[PDB]
C-alpha cells in the first residue's frame, strides 16, 4: 500500500496515484448536484481548490465540519473555486445545498464513473469505507497545475490550511 487513512479504530488502504505538486490535474467526467455533466472544462479560467469528502452527510468524519473549515479558509481567497467531490448521489448533494446553502461551491458526484477514485488516488475498497473517496485537498491554478495536495491520514483531521495559506501568500507577494 502507498497510503492509509484512519477511520475510528480502522486503518484502511487508499489506492491510486494521488496528484502531486507540478502535475496537471487528471481529467474527470462527473455529475453535479443538478444532474449536469461536469468536467475540468466546466471550471475554465479559474484556480480551484478540489476537496474530496467521505460524504456531505458525515459530520466529524470528513464531512460538513471539514467543509465548513475549508469555506472559512476561503473567506481570504474569494477567487479560488471550491469543488467538492464525493460518492453521494446528485440528489443528496442537491439536498445538502438546499439545507446548508454552500454558496458558489460545486458539488460533484462520482456516480457517472467511479474510476475517478483510482485516477485521483482516493480509492478505498475495505470495510467500512469501501467505495468512498478518501478525504483530500488539491490546490490547482487556472492551468490545472497542482500547487499543493494532501490526503488526510485520519478522517477527523483538518487539512493543513496554514501550509496552503503560505503558498497563496507567496504567490500573491510575487505578482
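Numbering follows the first chain given and starts at 1.
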Task: Stretch exceeding the other in mean C-alpha B-factor - 125-133, 110-118 - done: 110-118
Task: Higher-scoring stretch by recorded Cα B factor average, 42-50 or 146-154 - done: 42-50
Task: residue 34 CA temperature factor, ranked by third within the chain - done: highest
Open item on the list: Sorting by Cα B-factor within the chain, modelled residues only, which third would residue 15 end up in: lowest, middle or highest?
Closed with: middle
- [ ] Taking the values exactly as deposited, rank residue 161 by C-alpha B-factor within its chain and report the matching third: lowest, middle or highest.
- [x] highest
Task: Chain-wide C-alpha B factor ranking for residue 27, given as lowest, middle or highest third - done: highest
Open item on the list: Sorting by Cα B-factor within the chain, modelled residues only, which third would residue 81 end up in: lowest, middle or highest?
Closed with: lowest
